[PDB]
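Protein chains in written order, with PDB author numbering: chain A, 2 to 363; chain A', 2 to 363. A prime marks a further copy of an entry chain.
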Ligand code: HEM
Ligand code: HEM
Ligand SMILES: CNCCN(C)c1cncc(CCc2cc(C)cc(N)n2)c1
Ligand SMILES: CNCCN(C)c1cncc(CCc2cc(C)cc(N)n2)c1
Ligand SMILES: C[C@H](O)[C@H](O)[C@H]1CNc2nc(N)[nH]c(=O)c2N1
Ligand SMILES: C[C@H](O)[C@H](O)[C@H]1CNc2nc(N)[nH]c(=O)c2N1
Ligand SMILES: [Cl-]
Ligand SMILES: [Cl-]
């Protein structure tokens, strides 16, 4: 059954990919080649052009992403050649450096060797390549609660965090044939961080908030033409609400809204005062101001929705069906101020795409 | 087929209703009675207890409503006895007065005779019993754009609006056997309105905004045990975001965010300033303040979500499945600050319920 699934996905992908690349004439011969390869080897190998366009198609098909207007300019780094943990480490360090680009963030994906018999060659444990640790011991909570289980796993392996609220987790990944993952500290010179200040409220710096510049999701599987690239970290730039309305605001994350209310000088006592809403707006204004001031790329949710409208228009013009997940596309503040809130979206899954996979810790 | 549909819905409703009322022993005989009645007459008549509990069940099953905690205290007014347009008019005037209750709003539904052969006895044209007119003539826009088509229909019938931004539409409805609906001006003494002021910003009154106290949806069909009450207006009290984040803010409604920004003293020039979000928060604070100051019932979205959490807990305790429409339950500002945003809901349709029906204008 597996080989049939592979061949079927292969036929569909190659036809679509080559059509988009104006290479429809080459489909017949390429498919012939692929079927023999599947017959002999049990799998097939993407050309560099196929791999690049496939990763771009996968972003374009990501129903939950508002940032898809720019799918065709994804920078694809082919690291199917890696075989050692030092090569994986150095590739991940390089992704950080080239994606960061001194603050002018470049959307980038680095693609490692794919699974073979469903057998992973490289298994990355990090959820993002840059993320803060989290701790919870006898009532005491430190750092990012979303990272508690991964943090505990790292400390089982001999890492020790300083227990600030912003400890950088090490890179952690496992190679085929190794029983345990290895870990490596991130060099601080690779990691840009932004202190959060407010354009008008001087006291906002008293909160001592900061966040990292680049979100690099490293635990999803890229699927292209039936080939499963379980290790393929990718990044864009942040939409400010991810940081201001979720990472810093959620009660199960940094939970800062009461502290924000106090520094902006409003009471946090009555629901009818809408103090949480006001605090959210000022925190989100501070996040955008601070990234801009430091020259680190970021987009606000209004501009992002406007870009997404153009993505919808471009899909229609190209004669492609648009898919989307309304529940993720609407921003978590002022959603009805965006056009997204007022229309609906087909949430069908189209491949190539990025998928969740089981965590090897937990 | 129709009689079979009726009988099937009847069996299901009576069983469930009588179970809830501790009257399970009476189900057998009541069903026997109903089947004979259906046989002889083509339909059946609800007892007052059935009609009341059915309307309450219908609210409880309304997937789009965050306010359902209070379903069991709905005030049900049985007006199946009406036969003339004066009786309908006076019943609608009475609903307004008793629901308004001098500002201490009482959730209320008035139920008129049901359809017979799918033949309506009373057809209400208003979307809400109290709503503002809207006009659009050679580039000039006045009032509530959502009411333009109904306003034009009323003016075809000899009504004329003053063309302020807040003209009250007349009641308009049609009786079985009449070709045209009749209309009646609302007595102003029946209609409470609230001027919008801000608790701290004196200039906010310069916008000269106001809204009516009581939302009374009058164009949905109540379906109970297979009987179709197409005329059954109902009301609760407002959640403040309905007024502040939608009616007064939507670009296709009163579109006031730029004016709000100016009176609160912020620029409306850069998306990254989040001026729309800030204006939304201040407008919504003003709406809640103004209703409270005037002693007109209203709920903020935080308190409403908290009540809805209790509704979920109560459903579980009673052993009833919970249904809901996540896309409507989340509030249009700060949705991720409510528990609703972080869970999912089964959007299955359960009857009794309230349904949309075709408009007789348009
Ligand atoms: C260029 C700037 C980008 C912006 C502003 C952007 C924006 C976003 C936002 C706001 C989310 C929701 C995240 C959350 O709530 O957890 C998201 C999800 C997503 N984005 Fe993008 N994105 C960008 C680039 C990319 C790139 C380059 C890719 C892949 C090549 C990508 C793939 C996705 C995927 C797969 C998700 C869903 C993640 C999940 O299900 O947890 N995005 N995006
Ligand atoms: C007691 C106070 C109540 C509050 C605070 C409340 C809150 C709300 C809100 C905020 C909406 C969304 C409205 C929109 O965006 O257009 C809604 C929808 C709804 N509510 Fe309630 N509600 C209440 C009472 C009632 C009552 C008494 C009923 C019926 C007996 C009812 C039935 C519904 C229905 C059917 C909808 C959906 C309307 C549609 O699909 O357009 N509600 N409710
Ligand atoms: C789970 N969603 C809430 C927490 N959150 C905002 C979050 C969690 N985990 C990962 C991300 C990053 C998502 C992402 C990916 C890319 C490529 C870009 C971008 N702007 N955001 C965000
Ligand atoms: C269509 N939704 C956006 C416009 N809007 C907020 C709206 C439109 N049409 C009708 C209503 C009233 C909905 C309603 C009904 C009841 C019983 C209560 C309540 N608080 N709101 C609201
Ligand atoms: C297209 C989308 O479903 C539509 O805009 C809905 C979304 N959620 C909503 N939620 C509420 N409460 N009221 C609405 O009018 C809407 N509009
Ligand atoms: C349960 C619900 O689907 C869940 O909270 C989703 C809703 N929408 C979201 N949208 C985005 N962009 N990110 C999220 O984490 C979530 N959470
Ligand atoms: Cl993040
Ligand atoms: Cl309304």
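Using N, Cα and C, we set each Cβ at its ideal position, and we do this for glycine too.
Residues that residue i bridges to, as DSSP identifies them
{"i": "residue 189 of chain A", "result": "Its beta-bridge partners do not exist; DSSP assigns none."}
{"i": "residue 224 of chain A", "result": "A:229, A:354"}
{"i": "residue 83 of chain A", "result": "DSSP lists no partner for residue 83 of chain A."}
{"i": "residue 235 of chain A", "result": "A:110, A:218"}
{"i": "residue 73 of chain A", "result": "According to DSSP, which records beta bridges pairwise, residue 73 of chain A is partnered with nothing at all."}
{"i": "residue 299 of chain A'", "result": "A':239"}
{"i": "residue 174 of chain A", "result": "A:125, A:183"}
{"i": "residue 208 of chain A'", "result": "According to DSSP, residue 208 of chain A' bridges with nothing at all."}
Below-8 Å beta-carbon distance, residue i vs any chain A residue
{"i": "residue 327 of chain A'", "result": "yes"}
{"i": "residue 32 of chain A'", "result": "no"}
{"i": "residue 263 of chain A'", "result": "no"}
{"i": "residue 254 of chain A'", "result": "no"}
{"i": "residue 259 of chain A'", "result": "no"}
{"i": "residue 108 of chain A'", "result": "no"}
{"i": "residue 1 of chain A'", "result": "The structure shown has nothing for residue 1 of chain A', since chain A' only spans 2 to 363."}
{"i": "residue 246 of chain A'", "result": "yes"}
{"i": "residue 282 of chain A'", "result": "yes"}
{"i": "residue 285 of chain A'", "result": "yes"}
{"i": "residue 274 of chain A'", "result": "yes"}
{"i": "residue 234 of chain A'", "result": "no"}
{"i": "residue 349 of chain A'", "result": "no"}
{"i": "residue 334 of chain A'", "result": "yes"}
{"i": "residue 352 of chain A'", "result": "no"}
Under the three-state DSSP convention, the category residue i falls into
{"i": "residue 133 of chain A", "result": "strand"}
{"i": "residue 196 of chain A'", "result": "strand"}
{"i": "residue 259 of chain A'", "result": "helix"}
{"i": "residue 350 of chain A", "result": "coil"}
{"i": "residue 148 of chain A'", "result": "helix"}
{"i": "residue 37 of chain A", "result": "helix"}
{"i": "residue 229 of chain A'", "result": "strand"}
{"i": "residue 249 of chain A", "result": "coil"}
{"i": "residue 57 of chain A", "result": "helix"}
{"i": "residue 31 of chain A'", "result": "helix"}
{"i": "residue 142 of chain A", "result": "strand"}
{"i": "residue 281 of chain A'", "result": "helix"}
{"i": "residue 183 of chain A'", "result": "strand"}
{"i": "residue 334 of chain A", "result": "coil"}
{"i": "residue 93 of chain A", "result": "helix"}
{"i": "residue 45 of chain A", "result": "coil"}
Whole-Å CB distance - residue i paired with residue j, under 8 Å assumed
{"i": "residue 293 of chain A'", "j": "residue 340 of chain A'", "result": "Not confirmed; about 24 Å, so no contact."}
{"i": "residue 104 of chain A'", "j": "residue 298 of chain A'", "result": "7 Å"}
{"i": "residue 39 of chain A", "j": "residue 4 of chain A", "result": "6 Å"}
{"i": "residue 182 of chain A", "j": "residue 173 of chain A", "result": "5 Å"}
{"i": "residue 264 of chain A", "j": "residue 202 of chain A", "result": "7 Å"}
{"i": "residue 127 of chain A'", "j": "residue 219 of chain A'", "result": "5 Å"}
{"i": "residue 358 of chain A'", "j": "residue 222 of chain A'", "result": "5 Å"}
heavy atom of ligand 3 below 7 Å from residue i C-beta
{"i": "residue 243 of chain A", "result": "yes"}
{"i": "residue 73 of chain A", "result": "no"}
{"i": "residue 276 of chain A'", "result": "no"}
{"i": "residue 240 of chain A", "result": "yes"}
Closer than 7 Å: residue i CB and nearest ligand 8 heavy atom
{"i": "residue 248 of chain A'", "result": "yes"}
Cβ of residue i within 8 Å of any chain A' Cβ
{"i": "residue 338 of chain A", "result": "yes"}
{"i": "residue 301 of chain A", "result": "yes"}
{"i": "residue 324 of chain A", "result": "no"}
{"i": "residue 289 of chain A", "result": "yes"}
{"i": "residue 304 of chain A", "result": "yes"}
Proximity test, residue i beta-carbon vs ligand 4 heavy atom, cut-off 7 Å
{"i": "residue 19 of chain A", "result": "no"}
Ligand 6 heavy atom lying under 7 Å from the CB of residue i
{"i": "residue 160 of chain A", "result": "no"}
{"i": "residue 90 of chain A'", "result": "no"}
beta-carbon residue i near ligand 5 non-hydrogen atom, thresh 7 Å
{"i": "residue 335 of chain A", "result": "no"}
{"i": "residue 1 of chain A", "result": "There is simply no residue 1 of chain A to check, as chain A begins at 2 and stops at 363 in what is shown."}
{"i": "residue 329 of chain A'", "result": "yes"}
{"i": "residue 309 of chain A", "result": "no"}
Proximity test, residue i beta-carbon vs ligand 2 heavy atom, cut-off 7 Å
{"i": "residue 305 of chain A'", "result": "yes"}
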